Each structure stands twice: as structure tokens, then as C-alpha cells.
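The structure appears below as C-alpha cells.
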Amino acid sequence: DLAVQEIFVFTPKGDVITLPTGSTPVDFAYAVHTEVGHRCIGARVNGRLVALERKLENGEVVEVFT
């Protein structure tokens with residue numbers, strides 16, 4: 001019940017995905033591509049490369065690849 005600070009992200013396609021504070025690429029990947037999420041290898045934020053442990057940014061373009 002507590003908490004509230006929610007996060008929002010955008011995909012290269014234009015779609016928008018809502019995620020809770022501290023949302024990692026793994027969650028986003030699994031949400032979008034079941035394969036990527038299942039065995040995520042890399043991710044890119046706003047065209048830039050990032051690690052799987054890198055926290056997802058709100059409004060930024062999140063990318064993930066198995």
C-alpha cells in the first residue's frame with residue numbers, strides 16, 4: 001500500500017512502459033521480449049550502451065538484447 005514513486009519508460013518503437021522505482025533492464029526486457037528477459041545479455045539507454053545492473057531511467061529509451 002505504501003510507496004508511490006512510479007517510473008515510466010519509452011521504447012525505440014515509441015511505446016511506453018511503466019515500471020516501479022529501481023526497475024532494471026531485466027524487468028523491461030522480460031516485459032517486452034520474453035526471450036531477452038529470460039536470458040538478457042546487454043542493454044542500451046538512449047542509444048548508449050549499458051550493463052544489466054544499470055538502473056533504468058524514467059523517460060529514457062531502454063534497450064535490451066539476449
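Ligands are numbered from 1 in the order shown, residues from 1 within each chain, and chains are lettered A, B, ... in the order they appear in the C-alpha cells.
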key: For residue A:8: contacts at 9 Å, only C-alpha atoms, fewer than 6 positions along chain excluded, given as a count of residues only   = 9
inquiry  = I'd like the contact shell of residue A:25 - 8 Å cut-off, only C-alpha atoms, skipping same-chain residues fewer than 6 positions apart - returned as a count of residues only.
reply    = 9
inquiry  = Just list as a PyMOL selection string whatever in chain A DSSP marks as strand (DSSP E or B).
reply    = chain A and resi 6-10+16-20+42-45+48-50+61-65
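Atom CA of residue A:7 is positioned 22.0 Å from atom CA of residue A:38.
Closest approach to residue A:21 among A:9, A:42, A:49, A:35: A:9, based on only C-alpha atoms.
Taking only C-alpha atoms into account, residue A:39 lies nearest to A:66 out of the set A:23, A:15, A:3, A:66.
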ask   = Between A:37, A:30, A:1, A:65, which has the minimum distance to residue A:50 (counting only C-alpha atoms)?
value = A:65
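Between residue A:5 and the residues A:61, A:41, A:34, A:22, the shortest atom-to-atom distance, using only C-alpha atoms, involves A:22.
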